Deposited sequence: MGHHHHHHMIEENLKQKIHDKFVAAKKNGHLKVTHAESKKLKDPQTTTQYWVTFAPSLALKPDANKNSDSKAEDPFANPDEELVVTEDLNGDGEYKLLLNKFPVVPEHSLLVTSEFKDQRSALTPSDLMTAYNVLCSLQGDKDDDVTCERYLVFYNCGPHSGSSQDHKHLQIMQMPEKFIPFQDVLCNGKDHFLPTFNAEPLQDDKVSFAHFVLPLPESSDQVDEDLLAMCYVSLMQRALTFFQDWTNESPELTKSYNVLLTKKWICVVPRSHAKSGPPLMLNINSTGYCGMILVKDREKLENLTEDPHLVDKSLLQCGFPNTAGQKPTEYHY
């Protein structure tokens, strides 16, 4: 059960922290890129400045709510070093570990926050899980950030024209065969009324099956991305990319959202955006789909 006008409180809360220093907004410039080989759309943010247990007792100036739901499980914090204004942490009240799986509560809580903020705005929710996921913090936390105003992540196109399903013997999760990386995507019911705790648990664990098999033949690492339109699970072999790019990558980069700290890199992606693909390959596993 989400707090009322939770947007306003996040907005009300951020405008302050920015003013008094309790958080600091890195400047960035961002541009869209399209993959000529794969058709995938890339949103590339440039922040050269970045080239230059806090969730236990975070500055209260940073704490939107002490308990998100009626339950005493979650606070809501503001990322103290935002690139996208207002990026929020969903944080466990009593410490849990980031290696820990997501629970029916976690997903619905987060989904309900999606529904609060989304009352052309769009929001992304992700979880970096494991040494290789892009995680910098062990206190379990989920992330919520605005996605880009005009941007079409490939999950969308793979997900449109396809009504919600839980995999049927004649059906797997949805997986784009064009791209380099293994990933798993399921469509969600459009009106949030068709969406509840048990449905996501199904979705998540299901996805989690296919995901898990990428170890049993490195400690399990992966990304979860969740939007009102779909849920997606990515298995992760590395945190940072290979030799061309040496990019650090978290859940966002698997809807195509990339954060680079130096200009040459920005240029090289611009010259050849498909390198992004190879990077998600380097941090991922090779793709499967088109098969069973």
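**Q** May I ask you to mark the stretches of the deposited sequence that the structure leaves without C-alpha coordinates?
**A** Comparing the full sequence with the modelled residues, the uncovered ranges come out as 1 to 8, 61 to 73, 141 to 147, 246 to 252, 328 to 333.
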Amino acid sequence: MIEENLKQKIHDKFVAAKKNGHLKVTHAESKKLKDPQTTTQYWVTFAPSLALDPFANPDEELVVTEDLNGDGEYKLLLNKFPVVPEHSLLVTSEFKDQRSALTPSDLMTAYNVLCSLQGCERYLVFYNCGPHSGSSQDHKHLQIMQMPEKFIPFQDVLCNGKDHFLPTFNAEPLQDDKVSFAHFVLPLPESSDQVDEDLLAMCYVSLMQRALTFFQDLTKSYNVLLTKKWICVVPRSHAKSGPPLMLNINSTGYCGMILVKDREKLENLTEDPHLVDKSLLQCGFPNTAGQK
From here on, numbers count along this sequence of modelled residues.
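**Q** I need to verify one thing: averaged over C-alpha atoms only, is the B-factor higher for 171 to 179 or for 122 to 130?
**A** Mean B over CA atoms: larger for 171 to 179.
**Q** Of 72 to 80 and 158 to 166, which one has the bigger average CA B-factor?
**A** Here the higher of the two C-alpha B-factor means belongs to 158 to 166.
**Q** At the C-alpha atoms, which of 111, 151, 184, 215 reaches the highest B-factor in this entry?
**A** That would be 215.
**Q** Among 143, 219, 98, 146, single out the one with the highest C-alpha B factor in the record, please.
**A** Going by the entry's C-alpha B-factors, 219 comes out highest.
**Q** Pull the Cα B-factor of residue 235 out of the PDB entry and bin it into the chain's lowest, middle or highest third.
**A** Answer is lowest: the recorded C-alpha B-factor places it there.
**Q** Could you look up the Cα B-factor of residue 206 in the entry and say which third of the chain it sits in: lowest, middle or highest?
**A** Its C-alpha B-factor belongs to the middle third of this chain's values.
**Q** Splitting the chain's C-alpha B-factors into thirds, which one does residue 15 fall into?
**A** Residue 15: CA B-factor falls in the highest third of its chain.
**Q** Quick check for you: using the entry's CA B-factors within this chain, is residue 273 in the lowest, middle or highest third?
**A** It falls in the bottom third of the chain.
**Q** Can you tell me whether residue 57 has a C-alpha B-factor in the lowest, middle or highest third compared with the other modelled residues of the same chain?
**A** Tercile = highest for this residue's CA B-factor.
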